[PDB]
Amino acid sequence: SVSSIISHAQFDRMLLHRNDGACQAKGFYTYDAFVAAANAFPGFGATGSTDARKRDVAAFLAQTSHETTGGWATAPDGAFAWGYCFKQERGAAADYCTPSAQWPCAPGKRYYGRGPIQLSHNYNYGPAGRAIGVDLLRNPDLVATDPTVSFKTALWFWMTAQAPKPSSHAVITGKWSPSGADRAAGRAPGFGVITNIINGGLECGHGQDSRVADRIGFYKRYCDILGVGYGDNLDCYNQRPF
């Protein structure tokens, strides 16, 4: 039903050049896979006012677009037209396997970044796999070979809280109630705190940051496409990291 918020046409206008020959993931990410994945997380794009629902979709696609961007300053249609260009960590990467009796690593497998949110480590592939009913510890490559599974891992991240961090979904739909600690840290509801949730240790609270700006660029472009206002507190330049 997320299709009632974002049409196939709008989805492609947003992720405009993802299938250009220069992109590693060309041909991978499809609108039908996105819609199928969304069906497994009913609340996504279906919680709150029509505007909250549009921002929920735009923010999700904007943050994931930054994580997989292939854009550059003078890119065709701007740097914010190049999200979803990659589907797996570039380079030699690493094993990303840490001791865990709850989410044991499978021999010979590696848990490097895969998919829209660049899911990493066995302790994340484990709970994400359980959430979607797929054994991602034994078959982590499915996050880079099956687009529906790929999108599902990203939505799992979007919809899952990591207390004290709320889920990004809760923040964008206006369901997050900041603690006294959050208020003291300057973490107010908005797109900015979502960036903080995702990679605040490295990007937030130290003034202007090009990574934060790139995330906002995607968000504003996508909100413009769906026809919704951005909401407040878009940056995390002055927010203490979670």
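Counting begins at 1, following the sequence as shown.
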Mean Cα B-factor check, 199-207 vs 41-49, entry values; winner is 41-49
State which stretch shows the higher mean Cα B factor in the entry: 214-222 or 15-23.
15-23
Of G83, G113, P127, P76, which one's C-alpha B factor is largest in the deposited record?
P76
Identity of residue with top Cα B-factor, from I117, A92, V143, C97
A92
Is the Cα B-factor recorded for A59 in the lowest, middle or highest third of its chain?
lowest
Where does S177 sit by CA temperature factor within its chain: lowest, middle or highest third?
highest
Against its chain's modelled residues, does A36's Cα B factor rank lowest, middle or highest third?
middle
Against its chain's modelled residues, does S150's Cα B factor rank lowest, middle or highest third?
middle
Place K109 in the lowest, middle or highest third of its chain's C-alpha B-factors, as listed in the PDB entry.
middle
